[PDB]
Structures are given as structure tokens and as C-alpha cells.
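Student: Provided herewith is a single structure, encoded as C-alpha cells, for subsequent inquiry.
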Amino acid sequence: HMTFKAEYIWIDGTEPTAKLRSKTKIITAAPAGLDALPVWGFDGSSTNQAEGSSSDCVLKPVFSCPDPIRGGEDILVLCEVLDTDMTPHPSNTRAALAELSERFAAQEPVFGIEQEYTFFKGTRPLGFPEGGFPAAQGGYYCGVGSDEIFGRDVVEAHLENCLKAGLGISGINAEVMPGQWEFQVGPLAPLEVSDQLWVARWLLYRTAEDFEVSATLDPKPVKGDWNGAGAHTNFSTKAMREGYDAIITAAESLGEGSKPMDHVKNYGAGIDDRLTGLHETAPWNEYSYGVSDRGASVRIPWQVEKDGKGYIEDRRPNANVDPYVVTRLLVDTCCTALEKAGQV
Amino acid sequence: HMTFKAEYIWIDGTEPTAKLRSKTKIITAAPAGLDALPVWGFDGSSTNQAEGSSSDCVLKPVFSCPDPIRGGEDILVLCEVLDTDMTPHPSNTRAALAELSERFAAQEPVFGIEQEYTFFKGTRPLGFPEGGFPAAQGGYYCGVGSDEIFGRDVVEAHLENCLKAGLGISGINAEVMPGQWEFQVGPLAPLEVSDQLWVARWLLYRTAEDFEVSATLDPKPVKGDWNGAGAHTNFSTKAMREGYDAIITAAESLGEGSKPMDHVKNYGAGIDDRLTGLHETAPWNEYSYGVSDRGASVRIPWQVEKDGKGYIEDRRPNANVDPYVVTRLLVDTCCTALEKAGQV
Amino acid sequence: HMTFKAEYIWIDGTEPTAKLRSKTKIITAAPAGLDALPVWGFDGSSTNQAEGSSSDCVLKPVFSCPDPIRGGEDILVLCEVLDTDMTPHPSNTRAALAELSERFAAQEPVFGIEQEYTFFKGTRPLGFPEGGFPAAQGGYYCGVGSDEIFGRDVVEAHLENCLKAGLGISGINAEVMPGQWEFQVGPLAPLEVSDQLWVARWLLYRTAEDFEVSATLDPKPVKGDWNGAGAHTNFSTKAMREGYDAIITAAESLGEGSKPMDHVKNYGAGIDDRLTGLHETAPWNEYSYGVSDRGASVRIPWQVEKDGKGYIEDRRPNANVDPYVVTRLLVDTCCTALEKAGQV
Amino acid sequence: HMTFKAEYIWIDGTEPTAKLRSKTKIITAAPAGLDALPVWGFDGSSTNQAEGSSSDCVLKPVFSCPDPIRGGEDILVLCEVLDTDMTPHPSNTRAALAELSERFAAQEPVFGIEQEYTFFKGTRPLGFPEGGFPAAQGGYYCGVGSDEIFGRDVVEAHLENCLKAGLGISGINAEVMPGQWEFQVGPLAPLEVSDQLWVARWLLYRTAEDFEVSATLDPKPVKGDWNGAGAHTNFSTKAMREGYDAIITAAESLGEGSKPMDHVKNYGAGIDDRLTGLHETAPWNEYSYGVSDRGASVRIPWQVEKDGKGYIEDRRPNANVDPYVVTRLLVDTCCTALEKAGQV
Amino acid sequence: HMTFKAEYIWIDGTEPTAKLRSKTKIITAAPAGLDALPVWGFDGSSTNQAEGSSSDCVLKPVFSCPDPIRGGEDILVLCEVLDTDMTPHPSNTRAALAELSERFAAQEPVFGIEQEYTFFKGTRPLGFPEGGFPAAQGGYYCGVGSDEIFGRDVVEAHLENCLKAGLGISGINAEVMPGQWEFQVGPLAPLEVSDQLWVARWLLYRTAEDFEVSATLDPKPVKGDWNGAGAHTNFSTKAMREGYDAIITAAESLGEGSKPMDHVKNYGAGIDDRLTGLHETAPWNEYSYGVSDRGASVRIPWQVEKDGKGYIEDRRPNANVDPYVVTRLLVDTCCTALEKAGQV
Ligand code: NA
Ligand code: NA
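Protein chains in written order, with the authors' numbering: chain J, 6 to 349; chain I, 6 to 349; chain F, 6 to 349; chain H, 6 to 349; chain G, 6 to 349.
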């Protein structure tokens, strides 16, 4: 049997937005999926999962895939973080989703996440001239040419790495702001879409190291009329894919009670800076939904309304949202209302 | 079974000159030609097919070829743009040509397009020294050597890419201005010549990104005696290839009525800057045709006149002309006169 | 017959800290393991193993592995240094360890060494800006991304080289200080852990040459709150892996008599700069041990205390400790105390 | 069936020294040698082969070989230039040589050309320091090492390309001036040597583009005691290869009548700058010949005088001579004189 | 039939120190070793083998090997230089050695040469900072790491090149001065060691060209306490390999009569700058020999004295010595004395 490299990847307890951590384990064993991979540990003081004298943390594999960069038999191992007593660590946001995922498995929730990000070279946006601004927006989005496209080599390398890892990438595109890009993950189950997006994020930062650039998931990287970075989330249940009434209930459910504030205060840090009335999308403090409405909080695509079935698009989440969090909330809110409505 | 990349390419509604757009779709299916390729959509506001609050657009594949850059099983997909009701979008200029292509199919129109372009590095022409001018024109055209040739690495990469894509390239050459180049598409039927030229343009910008340079189809990139960039168009019907009388009819039809202004006002933005009396070609406001006359609006090549059959060359179109448009006008004007004349 | 390259590597007599030396021998003989390798010699005057007019030294191979850098049939040969009468040279610290390894072979001592190091470009730390300081520590440790990760290309290259060399590397990680890294060697027998670590160090310096950077094993490369570089050593015997009783015995033995100073004055040059009271760990001048205490001289991990068996961690050795010396001392102190207690 | 690239190369009508021009034709046909290769055309106004209103020029293939740079099935096509009536264009210097070649085919004339050139980076000689002079000549000629050798990478690539092209190269060497080089073509018949040399020149400029340097055939690139660039020509007939009497006849024919100025005024532009009394060879205004005399206009090598048979070397032609011209003149003068003398 | 490149390499008549010259010959023949290779010629005026009006020189192949740089079937041809009458040219030092080799062939003389050299980037030593000095000597010799090792990539390409050439390289190491290196050739017969060392020298300069650095065999490249470059020579005869009495006769013969001055004045230019009293070795004006004496002119290694048989080491020759000269002088002096002594 063989010796291989295992990259253990986890999420820390940094505030307001948590960060990825990883280290390499050299494993000398007979290959098997996930279940044969050892739990591991690290020092919490260094990752804000203590920054104190009593937290030592345990790494528990939850997802694994091939390491496309290292190649060969090497693998990536996404972990959840546990306390020494094997209970979920307070930073752990996966465990809550797993519970809700299981609770609502009958409805078969499916997600697509459109993850945006912006390239930087140091403090400078990669698409910006030093000490200045590029031409106004219009030619960057879905663009071509050196004048309007920045970081394509990175984006292509990242896309190839994600596919080699087996992640469900449906597309990529260049965004409205120069040096701003998007990739779409899904359609997938709530734990699976969330796990893959974190791994895909890890691949983006990591791939970009070789090109000596940085990527940021900051929602408003440059102040002004320059475009924000979102993480639009597409969501449906079997009933929603079957009929239009479920589609309306889900959209209505998000507008009920404290749910608008409940989601928005968990949809990523600095959300007030990105969600303004004037550009995309709607203000963070009011909820709306509509057909083909890019100004609404939630959009129902024109095809969905025509077909009387489909999915809905939540345009509120920031590019820096935790996928474990956004998926949990939408499943908790929408699926609960659908059960009550009998639209299951 | 396989996963492959599809780059969906389209033309936007930008004024005065429309621009290429592209995004990547990841497709998991059994390969089949074009008809099996899914229709797609995009948000028009970002592409001047709204820049408003109401436009959603549909992508309909019309042409496909291998992606020479990605390689393997990856492909390029040229699309036309439709409204949600599947009617042509106002930006769509292919549909009018497709209609005219059908109307005159018995005459069998064929086109060759000589597409010129100029390399730039930022705001600087690639062949120009920073802050200055190179030696006057004369040694650049069909030249050799580092002193007189700029961007050959890009040009060669681009040509190989076109051929791998299966495009009908007949030749390439270095042009009169330093860092100015030409490639020839044809001979082809009107839709095919127009589609392939658009894909070849897209390949040019995209190929040049890797070399950190820009290409421009601006008709007069440098003011003065420096050469303009045209897209000279060669055109014929079966009757023109058979006999000389149809050639004179074709040449005369372009000078009748409002046809000179009708063509010239669709022959690209900034045509007044390129079409001056003094150098190439003829002034934009007067129509002339002649045998072997490079100062004329339309030239009859000396071989065509010797053989009593051949084609004609329209020297008026700018390098920034829409191929869908220039082909449509020539088919409309020339083929209509030939039908009346009985020369079909 | 065939020719292959052999890199003869040794440790000099430099003070306070000894240095690696190497040269290449071209061998035309039939390959066989270690025993067929010729003894060799060198000039001591140049290596601080004379600095006089009478010392000629003999190189005798003790370990060999593939040269991962040269590749093919080429090999690395680690040697010990002997006088011309074939007795150990005064610089030789392996020979003391070899006697003790045999004397206590029944206890089956095993070591793991966590070897930290810092990248430099000239006098500047690789993770530091010129003339300045980076953001405070926190995001570097086990990090990802260009803002926080420096020297990863070297680290992957070094790790792949160690594994190709067949060395027992258990893991690597990015450390608390920017441009600081760690690799873990073990678990291994005392001479074997010591031999492989020296070869791994040589591989680090040599691999880093290709990237035009430097590595240092200096214990406090930057003054202040910036992290020191250590070589934490994990140690156990069969009795220790069997029971908790040996662990207390092992931990107390290190605190008895002159053993704290006996060890500490051999635990690397400049130890007073790294082992300060205020942060990790304990002052270089006081010995303490405790369960899960990162501030102690010796820590008993929580898993070890829970299982009533395991190993102990000596947090005192500097990154510049000689592994032959630190391993010898721990085996000498702990195994002697364990024998007396009957706990073997 | 297959598609391949054909690079049509020709010589223009520029004065005083004509220049190479080239463009690419994409061919989709079954390969066959030269005769199946299409005639082509170009615009003369841009190449000093019109600068007028009546010249359209015809490209007629006369020689072809593989394209060593493009590789595969791609080829280089050397053409001669014709008027539209298929007669030789005034710039065409090949046709005069072809008449004369056939006229004297019984004597079997053969030529070898030692073609010198100098590398430049912009206005700076590649072997020169910026703003200054290198050490005086002596260590450059046939030298080795970075201090004395400049452009070898270009030189090796050019040689490998020529051999891949099938050209008759006998040798290369580094010349007396730094960054000055030589290659030898031959021994060959007059049309072939001239054709191959032109292709070898074209390959030199073209290869050098990739290294971002220039090559010049200027006879005196740097003024002063720095060495000039010549094109020494080796010439013989069957009678000359047979006997010494023909050699004397050949050597004497060049000194008769107006033949010295007749040749010299066609031996390249700026010949007065290179051919001075003081160094090589003899002054441009006097004819001399001698055995082994490098200061003479024409040299009889010592082996030729020893063997009583051989060839002669004309040391007068500049590096910028047209090979079609020098070969025509030497054949015309010597072969005519040999005929009159009866030594054929 | 096939074509291969032959690089003809020779030594010039430059004073005080001769230089390598080379040119390329293109050969079209059936391959065979040495005997099938054509003699060639060159112009002496350019190479200090005339600097007059009467020398044309002949190249006669004496040694050949594969060209490791060109690879494939291409070869290096080391030549000796002859006058046109086929007698040895005055610059030729090989011919003298060939005579003594035959005269003393019965004694079976054998040589090893340790060839030192220093890297330069322009006028600056490669290991020196611009405008200053690096740390004092001690860590460079047999060193590792970017701080102390300079030019290793060149050294490695060169070593691999020499082995591919089939040259007898026994080892390489880094020397006391930064950017100073050594390779050892031998043990071999006098003509073979001398021929291989010249080819190895030629390969070093040539390999170093690709890295854009220079190598020098200057004996004292930086004035002061910085180390000189020598060419230590190991020498033995069959009798010396058999017994110690022969060893003593050889060491004494070198101290007799005019032998110390005869050798020293032929041991390379600038020997007085390297051979000073203070340091290594002995002053150029005094002869001494001793066992293990690094300060003696000639050293008898300790193994030789222990075993009562072996070789001797002449530490006097400069790195810029002609191997043909040092080997001849050593054979003449020692072997002559051994014949008289009856120790043959
Ligand atoms: Na990050
Ligand atoms: Na030299």
C-alpha cells in the first residue's frame, strides 16, 4: 500500500467573517472514502477558536476529493471542528445545517450558488490602474481583451482545478466590475453545495497564490458605483419543481414576520454597504419579491413563471456569506412554510 | 461519460459599435451538433441590451467549433440574441442577413473578407516607441525583422487557433502600418463568412490577452498619414464568376440612388476618419468604381477584367464593420439589380 | 558499466552552531546499500574541524537515499566524521548517540521532531515588507492566500523532495509568523530520526536555492512578539506507550538535579532569546511540566492523559538544535530514570 | 484532405538595397512540388515596385522548402516577381542569372558564399555596452564565454532551422567583431545558392524576432577599426576544378577592362566604407589577385596552388550584396573569358 | 544520408595565456570515430597564431566526443594546430607532450587534475555584492544555501554535460571563495587527461553562456585574503603506485637544479599573485615537499605514507595552467629521475 498527502481544510472562529485554514497530513494506508480518514487536531489559540488557554480543537473529516494541484493520489479533506469532547465547536456552522437537512429531506431541497469575487494585487484592485480608476463599467462584464479582462489565467486554472476535484461547477463568467468574476456551484443538496463551495473557495485563494494575486469575497471592495460581490442563491424543493403554488409560498415565507431581518443579519458582514436601493439589489432593510425583477430581494425567473414550476433566486446574500448559514436559513424558513401549507 | 466546456459567444447592443460577449457553461451530455446544444440566457442591462430595468435575453446557438485554446473536447458556441418570445432581439443583425441569404440563394453569393487590425499596448500602438513615432511607412508591409515587425508571436498563435477551430482563413499578412495586421476569411456563403469572422475576432482578442497586448478594429488608430484599418470585401454570384456583364451591373448598382450613403453609413463607426480623398481609399462621400483602381470605392481586379469573369472588391468597409451588416447590404443591393437585369 | 552521482553530506565543527557541508563524488560501481559506498575524506581547515595545519578528516557513510533533485540513480550519502585513526572526530555527535541507542535498545525509544524554519530574502524576512512590519499575527498560521502565505512553492518542492528521498515526514504546516513553516519528521528510532532530519534540512537549503530564497533555523529570527522557531520533540518508550506511570517518571526525570540546565545549554544557540517568560513557553531557566500546558517546559497532551499512555513533548529545543544531541540527552535522562523505576 | 500554410517570400525594388517581403497563404490541396503551387500577387505601391498607378505584381514560385519554425507540413515558397504579362518585373534580378546559367551550363559553375552579419539591439550593437565600446578585437573571433560571445542562442536556432529547411550549410563561426557571425552556404549551382541564401537570410531575420534582436547585413555597422561584414564568394568551373591554367584565366578576367568597377558597383551598397586600403581587403578602387593574399581583391587559396586545381575566392562583395547579382557577374565575366581562352 | 554537427575546438597563440577557439562544421558522411574526420583550417591572423602576414593554420583532430549541449549525434572535435606543411605549429604544446609520453610509456604515468574556477557577472565576482564585500570566508566551502552558494545551476549543467561527453570527472565541490568551484579530472594518461580537461574547460565557458555568467581561471581573481584558484596535479608512475622509495625520488627530483623555476615559470600567468608566502601554498620562489603539508610545494598525502605507496600532489600549478605543459614538465622531471634511479 501507498503513501499520500492529505490536505485537511477547516473554518476558524474569526469575526465578523470566518477564514479557511489548512494543513498537510502524510498518510500511509490503503485508500478508502472518508470513513478511513483519521480525526486530527490543531491549536485553537492561533485561529480565534480559543485565543485563550483552554481550547484545543479536533478536526473531523466530512468531505473529501482529489487534490488537483498536487495531483496523483493526493486528496483534499474538508473537516468540521469539534471540541475535545467531540461535540461541535461553537464556530461550527455545519452541524446545525446537517440537522435541518435531515429534518426536511422529504422535500428534497436543492441549491445553486453563484459565487462572486474580486481580484487584487496588494491593496490595488487587479483591474484598476495604480493610483487611479479604470473606465466606467459596461465593457468588463462577459468581456474579452486585455483592456477589459483581468485574471483570466487564474480563473481558468481555478475552473480546471474545481472540475478535476469533481466539484459541480455549472459555469463561470466575468462580472460587471473589472477584475470581478463569478462561478456557479450546483445544483446540489444543502450539505453538499455548502461543502463544495468552501472547498472551491479554498481552491481559488490557493490557485491564485501561484499567480501572485489575491481574491476577496468582500461585498463592496471599492466604494461608489463600482459593483458589489454577491452570492446569489437558487433554491427549490420537489414541490417547487412540480408546481407554482409552492414557489409563491416560499417567496412569501421570506417576507413573513422577522424573517427578512433574520436572513439579512446573517447574510454576510458589510451587507449595508452592498445592498443599497440605487443599484443591485434592493435595500437590505426592505423585503420584496417579483417576476423578472432584478431590483427585488428575491427574483422569480421568467422561465419559472412560464413553466408554472422551477426555483427561486435569493439575491440578498453577500459574496462573504457562510454557505452553511444561508442554506440552513432558507431550508428552515421555506421548507417549514411549505410543510404548514401542505405543499410538500 | 463526459463533461466539457462550452463558451457561449454573442454580440451586444453597444453603440456606435457593438461588442463581443462570452461566458462558460459546463455541459454534461453526449455530443451532437448545435441542435443538441441548450439555449441559454443572460441579463441585458450589463450589455446595452437594456442598461435599464426590463431586459432578459435568450442565447440561441447558430454556429459551433472546437475551442483551440482550451483544447480537448471543449468548444466555442456562437449565438444569436433573442427576446424571451424567441423573436430576434433588436441588436440581432444576423436574422436580417439570414432572411436575405435565403431570398437570394439561387445566385449563390460568396464572400471573402480582408480583416485589418492594429496592436496596442495600453494607449500606445505596439509598433510605436513610448512618447514618439517610428520611421515613416514603407518597410512594415509584408515585412521581416524586429525593427519592422511587431506582434508576430500573437499573430501566429491566432492563426493556428483559427485553423484548429476549422475556420476558413485564406491568408495572413503584415500591413502598411507597424503593428498592423490582416487575415482573410473566405471564400464563403454570407452567414458562414460572417459567423466565422466574428469567432475569429473573438479569438484575436482572447489570444492577445495571454501576450498582454490589445487589438483594435478602430479605422484610424493613429491620426495623420498612418494607415487606416479596413475590412475590404470581395463579392460574387454564379453569374459574376461566369461572365463580365454581371460584374458591371454589380458595380453600377452600388452607385445608384441612395446606395452610396446607405452602405457607407453602415460600414462602420468613424468611416469619415478613414475614408479621406488623399490616401486609401476614396472619399466616403463619393462613389467610384474602376478596373485595378485602388483609389476607387470599388475595384475590379486586373485578373477579373482579363478573364471576363470573377468578383468585385468593396474597399469602403471599415475594420470595425459588422460582418452581418456589410454582407446583407451587398447581397441586397447587387443581387436585386442582377435579378432585374436577368443576370442570375 | 554505469556511472552515478553521490552527494556526501556532513556536519562541521562550527561554533556555536554546526553547519552542513557537502560534495559530489562520481561513482562507477554496482549499486548496493550503504555498505558498498566508499569512505572518503576532506580538508578540515576549511570547515572549522581544524582551522590549523594538521587536520585531515575521513567521511564514513551512515545513511543513503535517492537524490530527489538530481533524480535518476543519483544518491545522497550522509556521513559521520572520523579522525585518520578511524576514531570519531571531536565534532562527531552521532557517536555519543549511537552508544546510548544501543545501551537502551530494549526500551525502544521513538522520536517525532517538529522542525520549524523561517524564509528570508537577503536580510529581509520573506513575509515582511521592505523597511517594515506586516499585519500582526493571526491569519498566517495554517493560512491560505497571497496576503498571508509566503514561500509555499519552496515548501511543496521541499516536501515532494523529502518523500521522493523516502524520508519519514508526517506533516507540514504554515506557522504563526509570516514566511514561517514547519515540517514534522517521525515517528522514528533515535539515530534514524536524527539522520533523516539532517538530510531534510540539507534538502530545505538546497531546494530553496532554486527559488533564490534562504531558510534559517535561527530560534528568534525577528525580535519582539514575532514567533520564535523551535524543534519540539516528542518522545516515548515501550513502557510509556503502555502506561501512564512511565510518563510521570519521564516528565519528573527532566526536572531532577542539573538535568534542566544540562539539556537547555545543549538545546541550541540563542535559546535565551526564544524561551522567555512572557509568551511561550516557560523561561529557559525554569523547568515545569503539565498536562495540556503550552507554557510548560514539557507538555503531556490531553489525549495521552486520557488514554493513560502515549508520549511526552519537550517544547524547549530551538529550531537550531542538533538532533543527535537532543535525542541522546532525552534517551539518556528519561530511559535511565525509567530503568531505575523498573518501568521499561 | 489536408490544409497547410505557405509563406510566399520575395525581394522588393527598394534602393539602394532591396528587402525581403513575405506573406502567408493557407492552402487546402494535395502536396506536390512547386509547379502545383499557385501563382499569387501583391500590391507593388507599398514595396517600391510601383509607387505608382500601374503596377500589380505576380508572385511565381521558383523554390520551396519546409518551414522549420511552423513545422509539420508547412512550407516556405521563394518567388520571383513578374509583371501582369508574366514577364520579369524590373526588380527581378533572378531572370538575368537564369539566362546566363543556362548559357554557361557546360562549364558547371559552382558557388560558395560565406555570409557575414552583425547582431543589433535597437541602435546598439548587441556586443557593445550602452553608450560605449567593448574591448578591442581579438578574443571575439571563434570565441567562447559570456565576455566575448553574443547571440549564440539565435545563431544555433537559425542553423537548426536552415538544416531543417534542407539548406546547404557547411559551417558557422563567430566573427572578428563582437556580436558578428558568419554562415557558409554551398557549394552549389548559381540559381540554387542564390535562392537558398535568400531563404537563409529570411530565416535569420525571422529567427531573431523571437529573441527580440536584429541582424544587419550592413558592410560597416560600426565605423573605425571594428570589422566590416563581407560576403566572400567561392567560385569554380569543371576546368578550374581540373587545372591551374583556368584558375589564372579566371583570376585575370576580373582585372580586365571595366570589369573591376563593373563588379564593385554591384557588390553592395556602402562598399567604399568597408573596402579601404588599410584593412581587408584591398581598396574598392583597385583590382589585385594573389595566392593566399587576404589583402588581395581575389585570393587563390594555398591548397589550390599546391594541388594545381581548385577554386578562387572573391573577397570584395559586401554582406549586403544581392546573391543573384554577384553570381551573375562572376559567371558572366569568368565563364566568358574561359570560353575565349578555350579552357571549358 | 544523414547530417551532423561537429564542433572543432583548438587552442590559440595568445600570450601570456592561450585561449580556446571553436567553429562549427556540417558533415555529411557515415559516422566513425576520429579517423574518418576531415582536417580543417583557419585564419591565424585573428588568433595570435600569426599576427603577421604568413600564417594559415591546419586543424588536425586529436580527440572527439559527443556534444552534450547539441545532443543527438553531434560531436566535439578537439584539434591540434599545424602549419601548412603539416608540421606542428609553434603554439602547439600537445606535440611535445606526445613525445615524452612515448619516451616514458614504460613507466605508465597517470594524472589527476583538480581544476578550480571563479564565477563572474561582468567585472563583479558572482558571490560579491555590488560595490562591497560579502562575509569573510568559512561558510562557502562545500556549502549549502542561497547566502553562501553561487552558480550551482551552472555547475550542475556543466557536470551533467561533462559526463554526457564521457569525460572522466571524479567529483565536484564548492570552494573557499564565494562563487569559486572545482572539478577533478582523472586519473588518466597525460594526453587523455589534458585533452579532456580542455574540452571540460570549453564546456564550462559554453554552458555558462546560457546562464549569462562568466567563468575565469585567473589565479587570484580578487586581491587580498580571498582564495586563489589553483590546478592541483596528482601524479604517479607504476613504480610510485608500487612503492614509497619511488615516491621520494619523484618529490626530490622537483627540488633539484633548475626544476623548481622551470616548472613555476610554466605553471601559469600570475603565479606570484596566488603563490605567496603567507597562505597557500609555498612561495612561488621556494620548493618544499612534505607529508600532509598543505604549505609545501608538493604534498604527500597521509594515506600514501601509511600505505607506503601512491601518488604525489603538486599544489603549485595555477588554475590557468596549460595541462599539456604541466603534464609534460612533470613527466620529464620525475620520470627521468626515476629511470636514473632504476625505479621504473
Ligand atoms: Na482568506
Ligand atoms: Na576565455
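Just so it is clear, CB atoms sit at the ideal spot from N, CA and C, and this is done for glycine as well.
Taking 8 Å as the limit between beta carbons, can you name the residues of its chain near residue 139/F, skipping five residues before and five after?
Tutor: On the third sequence, position 134 is the one that residue 139/F refers to. For residue 139/F, where only same-chain residues beyond five positions count, the Cβ hits under 8 Å are 132, 133, 183.
Student: Looking only at its own chain, which residues have a Cβ that is under 7 Å from the Cβ of residue 293/G, when we skip the five neighbours before and after it?
Tutor: Numbered from its first residue, the fifth sequence carries residue 293/G at position 288. Excluding positions up to five away in sequence, the list reads 287, 301, 302.
Student: To the nearest angstrom, report how far apart residue 248/I and residue 310/I are at their CA atoms.
Tutor: As a working note, residue 248/I is residue 243 in the second sequence. As a working note, residue 310/I is residue 305 in the second sequence. So the alpha carbons of these two residues sit roughly 10 Å apart.
Student: Hey, out of 217/J, 15/J, 244/J, 111/J, whose CA is closest to residue 158/J's CA?
Tutor: Reading the first sequence from its first residue, position 153 is the one you call residue 158/J. If we check each option's Cα against that of residue 158/J, 217/J comes out closest.
Student: Would you say residue 185/H and residue 121/H are within 8 Å of each other, going by their C-beta atoms?
Tutor: Here residue 185/H refers to the residue found at position 180 when the fourth sequence is read from its first residue. Here residue 121/H refers to the residue found at position 116 when the fourth sequence is read from its first residue. Yes, the Cβ-Cβ distance between residue 185/H and residue 121/H is below 8 Å.
Student: Going along the chain, which residues of its own chain have a beta-carbon closer than 8 Å to the beta-carbon of residue 326/H, five neighbours each way excluded?
Tutor: Along the fourth sequence, read from residue 1 onward, the residue named residue 326/H stands at position 321. Cβ within range, chain order: 236, 271, 272, 273.
Student: Could you pull out every residue in the same chain whose Cβ sits closer than 6 Å to the Cβ of residue 142/J, ignoring the five residues on either side in sequence?
Tutor: Numbered from 1 along the first sequence, position 137 holds the residue referred to as residue 142/J. For residue 142/J, where only same-chain residues beyond five positions count, the Cβ hits under 6 Å are 181.
Student: At a cut-off of 7 Å, is residue 126/G close to ligand 2 when judged by its beta-carbon and the heavy atoms of the ligand?
Tutor: Taking the fifth sequence and counting its residues from 1, the one referred to as residue 126/G is at position 121. For ligand 2, not one heavy atom lies less than 7 Å from the Cβ of residue 126/G.
Student: What did DSSP end up calling residue 66/H once you bin it into helix, strand or coil?
Tutor: As a position in the fourth sequence, residue 66/H is number 61, starting the count at 1. Reduced to three states, the DSSP call for residue 66/H is strand.
Student: Decide if the region 75-88 of chain I is in contact with the region 47-67 of chain I; the criterion is three or more beta carbon pairs, one per stretch, under 8 Å apart.
Tutor: Cβ pair count under 8 Å is three or more, so yes.
Student: What's the C-alpha gap between residue 149/H and residue 168/G?
Tutor: Translated into the one-based positions of the fourth sequence, residue 149/H becomes position 144. Translated into the one-based positions of the fifth sequence, residue 168/G becomes position 163. Rounded to whole angstroms, residue 149/H to residue 168/G spans 20 Å at the Cα level.
Student: When the Cα atoms are used, what is the spatial distance from residue 213/H to residue 163/H?
Tutor: In the fourth sequence, counting from the first residue as 1, residue 213/H sits at position 208. In the fourth sequence, counting from the first residue as 1, residue 163/H sits at position 158. Their backbone Cα atoms lie some 8 Å apart in a straight line.
Student: Tell me the start and end of each unbroken beta strand (DSSP E) in the region 225-269 of chain G that is at least 3 residues and wholly inside, in chain order.
Tutor: Within the region 225-269 of chain G, the complete beta strand (DSSP E) runs of at least 3 residues are 236-241.
Student: Should residue 209/J be listed as close to ligand 1, given that the test is whether its C-beta is under 7 Å from any heavy atom?
Tutor: The residue labelled residue 209/J in the question sits at position 204 within the first sequence. Incorrect: residue 209/J has no Cβ contact closer than 7 Å to ligand 1.
Student: Compare the C-alpha of residue 275/I against each of 110/I, 319/I, 226/I, 335/I and name the closest.
Tutor: As a first step, residue 275/I must be located in the second sequence, where it is residue number 270. Cα-wise, what sits closest to residue 275/I is 226/I.
Student: Do you know how far the Cα of residue 15/F is from the Cα of residue 72/F?
Tutor: Counting from one through the third sequence, the residue named residue 72/F turns up at place 67. Counting from one through the third sequence, the residue named residue 15/F turns up at place 10. Taking the straight line from one Cα to the other gives about 15 Å.
Student: Is it the case that the CB of residue 311/J approaches a heavy atom of ligand 1 more closely than 7 Å?
Tutor: Residue mapping note: residue 311/J aligns to position 306 of the first sequence, counting from 1. It does not: the Cβ of residue 311/J is nowhere closer than 7 Å to a heavy atom of ligand 1.
Student: Do residue 177/J and residue 256/J come within 8 Å of each other at the CB atom, strictly closer than that value?
Tutor: As a first step, residue 256/J is located in the first sequence; it is residue number 251 there, counting from the start. As a first step, residue 177/J is located in the first sequence; it is residue number 172 there, counting from the start. In this structure, residue 177/J does not lie closer than 8 Å to residue 256/J by Cβ.
Student: For chain F, find out if any of its Cβ atoms is closer than 8 Å to the Cβ of residue 70/G; answer yes or no.
Tutor: By 1-based counting over the fifth sequence, the position of residue 70/G is 65. False, the Cβ-Cβ gap to chain F never drops below 8 Å.
Student: Would you mind working out which of 40/G, 70/G, 75/G, 76/G sits nearest residue 203/G, comparing C-alpha positions?
Tutor: In the fifth sequence, residue 203/G corresponds to position 198, counting from 1. When each option's Cα is compared against that of residue 203/G, the closest is 70/G.
Student: In angstroms, rounded to a whole number, what distance separates the CA positions of residue 340/G and residue 173/G?
Tutor: Mapped onto the fifth sequence, residue 340/G falls at position 335. Mapped onto the fifth sequence, residue 173/G falls at position 168. Computed Cα separation, rounded: 24 Å.
Student: Considering just the uninterrupted stretch of the alpha helix (DSSP H) at residue 167/F, what are its terminal residues?
Tutor: The residue you call residue 167/F lines up with position 162 of the third sequence. Where residue 167/F is concerned, the enclosing alpha helix (DSSP H) stretches over 157-169.
Student: Quick check for students: name the residue ranges of the beta strand (DSSP E) that lie wholly in the region 102-189 of chain J, counting only runs of 3 or more.
Tutor: Those beta strand (DSSP E) runs which fall completely within the region 102-189 of chain J and span 3+ residues are 115-126, 174-179.
Student: Residues of chain H with a CB under 9 Å from the CB of residue 213/G: which are they?
Tutor: In the fifth sequence, counting from the first residue as 1, residue 213/G sits at position 208. The answer, in chain order, is 150, 151.
Student: Output, in chain order, the set of chain G residues within a Cβ distance shorter than 9 Å of residue 334/H.
Tutor: Residue 334/H sits at position 329 when you count from the first residue of the fourth sequence. Within chain G, no residue comes near residue 334/H; the closest Cβ sits about 26 Å away, beyond 9 Å.
Student: Please list the terminal residues of the continuous beta strand (DSSP E) segment that includes residue 331/J.
Tutor: By one-based count along the first sequence, residue 331/J stands at place 326. Run containing residue 331/J: none in the beta strand (DSSP E); it sits in the alpha helix (DSSP H), 328-346.
Student: Assuming residue 29/I is part of the beta strand (DSSP E), what are its boundary residues?
Tutor: Residue 29/I sits at position 24 when you count from the first residue of the second sequence. Start and end: 25-32.
Student: Given the structure, does residue 18/G come close to ligand 2, in the sense that its CB is under 7 Å from one of the ligand's heavy atoms?
Tutor: Indexing the fifth sequence from 1 puts residue 18/G at position 13. No, the Cβ of residue 18/G stays beyond 7 Å of every heavy atom of ligand 2.
Student: Which residues does DSSP pair with residue 221/F in a beta bridge?
Tutor: To locate residue 221/F, count along the third sequence from 1; it is residue 216. Paired residues: 123/F.
Student: Less than 8 Å between the beta carbons of residue 18/I and residue 95/I, yes or no?
Tutor: Against the second sequence, residue 18/I aligns to sequence position 13. Against the second sequence, residue 95/I aligns to sequence position 90. In contact: residue 18/I and residue 95/I (Cβ atoms closer than 8 Å).
Student: Comparing alpha-carbon positions, which option in 51/I, 50/I, 31/I lies nearest residue 43/I?
Tutor: Mapped onto the second sequence, residue 43/I falls at position 38. For residue 43/I, the nearest C-alpha among the options comes from 31/I.
Student: Have a look at residue 166/J and residue 125/J and give me their C-alpha separation to the nearest angstrom.
Tutor: Within the first sequence, the letter at position 161 stands for residue 166/J. Within the first sequence, the letter at position 120 stands for residue 125/J. Those two C-alpha atoms are separated by around 20 Å.
Student: Is residue 85/J helix, strand or coil by DSSP?
Tutor: Residue mapping note: residue 85/J aligns to position 80 of the first sequence, counting from 1. Correct three-state label for residue 85/J: strand.
Student: Might you give, ordered along the chain, the residues of its own chain that have their beta carbon closer than 8 Å to the beta carbon of residue 189/G, omitting 5 neighbours on each side?
Tutor: Position 184 of the fifth sequence, counting from 1, holds the residue named residue 189/G. For residue 189/G, where only same-chain residues beyond five positions count, the Cβ hits under 8 Å are 117, 118, 119, 120, 174, 175, 176, 177.
Student: Please work out which residues of its chain come closer than 8 Å, Cβ to Cβ, to residue 8/G, disregarding the five sequence neighbours upstream and downstream, and give them in chain order.
Tutor: Along the fifth sequence, one-based indexing puts residue 8/G at 3. So the qualifying residues of the chain are 31, 32, 33.
Student: Is it the case that the CB of residue 150/H approaches a heavy atom of ligand 2 more closely than 7 Å?
Tutor: In the fourth sequence, residue 150/H corresponds to position 145, counting from 1. Indeed, a heavy atom of ligand 2 lies less than 7 Å from the Cβ.
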